[PDB]
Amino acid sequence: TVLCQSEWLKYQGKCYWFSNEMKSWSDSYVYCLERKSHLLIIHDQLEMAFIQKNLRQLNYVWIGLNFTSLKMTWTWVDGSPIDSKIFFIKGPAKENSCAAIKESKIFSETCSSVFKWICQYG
C-alpha cells in the first residue's frame, strides 16, 4: 500500500523501470534523475535475481555504477564503493568506465556507448 509510478515494477518497497530505448550512461542517468529516481543500485543477491528475471541476456544494460578515479575504485551512484565479495566486474578500470549487466555478469564499458538502462527509487 505505497503505489509505484504507473508502468513501474515494485520489488521489496523499491520501484524499477526497465528501458526499451538505449542511450549513453550520462543520458540514461539524466533520464532517471528527471524522473526523481536513479540508475539501478543492486543492494544484494536477491535483488540481483529480480533484475535478471526482467532482462534479456544478449543486451548490455547500464546500471548506476562507474569508475570514480578519485578514490580510484568503482562506486555506486549512492557513493558507496562496491563490495569485491558480492560483485566482480569484468573489463578495464579506466576513467570513463561505467558498469553494464550482460549475460548475468557486470562489465566495464565506456560511458559513451548506448545501451538500455534501469531506473530505481524507494
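Heads up: residue numbers just count along the shown sequence, starting at 1.
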query: Between the two ranges 26-34 and 71-79, the one averaging a larger CA B factor in the entry; finding: 71-79
query: Higher-scoring stretch by recorded Cα B factor average, 49-57 or 82-90; finding: 82-90
query: Chain third (lowest, middle, highest) by recorded CA B-factor, residue given as residue 97; finding: middle
query: Residue 2 - which third its CA temperature factor falls in, relative to the rest of the chain; finding: highest
query: Cα B factor band for residue 19 (lowest, middle or highest third within the chain); finding: lowest
